[PDB]
């Protein structure tokens, strides 16, 4: 659903930079077995920036097909041009996906009114649940709680993936939206704290390599067993952190290859191969989490 450990899955690629079906199938099975709640296909971690709209749609359909109904698929549909966002959204209108993860327009820096207008129009062109995504450090703009409250009144807008790492925002948003509105963390290092404050889950990068643990940590947190949840979080912390020792998804794709979950760690420019020291660092975090 839109609760628990939702994975922002990587798009495994062959040596040529094209989606590798075999590796994608392995990852999906892994998530189905590990207890992951849902899969966000072609989000930032899935290299949505270097995949054209057609390739993007292909990856989503393939994932949907490989999921075979065993696990829900949420599609990344963000764009910085309102017409473009609506257009990408419409490709999935009756695809089988359960909702869309749509980011605030990046680079062009619209006003809060622009942000509002942008999401309102997208929402009016689909029946699919829309989950807002705010990540000021990559977009150059920040969706404020007041605007979220406004947008939460649109029937189709059902939640938000908050990636600021600004924990005071959980309750500022909660105070303005209904209890039905879903609050998901967008920052692994603080997801547990986010949950202890009232969040409902996390759209995770760490979950790519430690799905079992992340799912367990989230269930406990959900049941209010924060003390035992912290133990898992402590084992994972070096991963929550070192997975960004280099531009995500560079560290997570290598970790995946290393773990034997994907065939290659190939990425598309401007993402480049992990450095040697980067390898050493990630390998240690893996060791510490007990995955290696």
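Positions refer to the first chain, counted from 1.
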When mean C-alpha B-factors in the record are compared for 50 to 58 and 253 to 261, the larger belongs to 253 to 261
Entry B factor averaged over C-alpha atoms, 199 to 207 against 90 to 98: higher for 90 to 98
From the entry's CA B-factor values, the highest among 115, 128, 192, 163 is 128
Comparing C-alpha B-factors across 132, 81, 170, 217 in this entry, the winner is 217
Entry-reported C-alpha B-factor of residue 273 relative to its chain, by third, is middle
Of the three thirds of Cα B-factor ranks in this chain, residue 77 occupies the lowest
Entry-reported C-alpha B-factor of residue 37 relative to its chain, by third, is middle
Of the three thirds of the chain ranked by Cα temperature factor, residue 27 occupies the middle
Chain-relative C-alpha B factor for residue 44 (record values, thirds): the middle
